[PDB]
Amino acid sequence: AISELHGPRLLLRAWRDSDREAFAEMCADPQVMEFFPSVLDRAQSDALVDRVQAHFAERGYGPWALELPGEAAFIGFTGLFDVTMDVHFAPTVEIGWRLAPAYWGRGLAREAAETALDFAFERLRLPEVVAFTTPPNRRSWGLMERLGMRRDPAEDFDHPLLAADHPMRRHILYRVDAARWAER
């Protein structure tokens, strides 16, 4: 009973068993995982999918699996996750994305994000959605600003689920509220 969402090219859907092999491939790809602490093995990949499925069961939304009808069953994920950790901007909802590298440079993460944010603001009627990443991950924060999200550098933060001296602790914060989304 999870609502599927449609874009011109994409289907945002609940995950299925068959997705885990392809997602595991992505999670083991160093180019996909470049700006994370490490690649994931199959157990870790599967544990992430378990958390995704749990979020969908609890909330009715989550990071949707991305299908490309006419092309491919699974190309990654894009969608919403509730922010509950001890950060200055909690509680809120974040958007995130991960695409297999063959699908980069096609506006597919852009389209998936637009579709997820339309859900956020039209259906859920959320006040705001945030996103966060590390400064080196230009492809990621680039997409955040192209969507119309905006960053205040004064809101940079250390990730509370990483060590206080973790090399990748420092994150940047983008925000988009309902009014700004509507004004695009």
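If you superpose the two forms and keep the largest set of C-alpha atoms that fall within 1.5 Å, you have the rigid core. In this text, residue numbers run from 1 along the sequence as written.
Taken in 4 other deposited structures of this protein and fitted on the core, 38 to 46 and 120 to 128 differ in how far their Cα atoms move from the shown form, and the one that moves more is 38 to 46. In 4 other deposited structures of this protein, superposed on the rigid core, the segment with the larger root-mean-square CA displacement between 24 to 32 and 66 to 74 is 24 to 32. Judged by mean Cα B factor in the deposited record, 55 to 63 ranks above the other of 55 to 63 and 138 to 146. In this entry, 22 to 30 shows the higher mean Cα temperature factor of the pair 149 to 157 and 22 to 30. Going by the entry's values, 40 shows the largest Cα B-factor out of 130, 68, 120, 40. Ranked within its chain, residue 48 lands in the highest third, by CA B factor from the PDB record. When the modelled residues of the chain are ordered by C-alpha B-factor, residue 92 sits in the middle third. The entry lists a Cα temperature factor for residue 14 that places it in the middle third of the chain's modelled residues.
In this PDB entry, residue 111 carries a Cα temperature factor that places it within the lowest third of its chain's modelled residues. Per the PDB record, residue ranking by Cα B-factor puts residue 175 in the lowest third of the chain.
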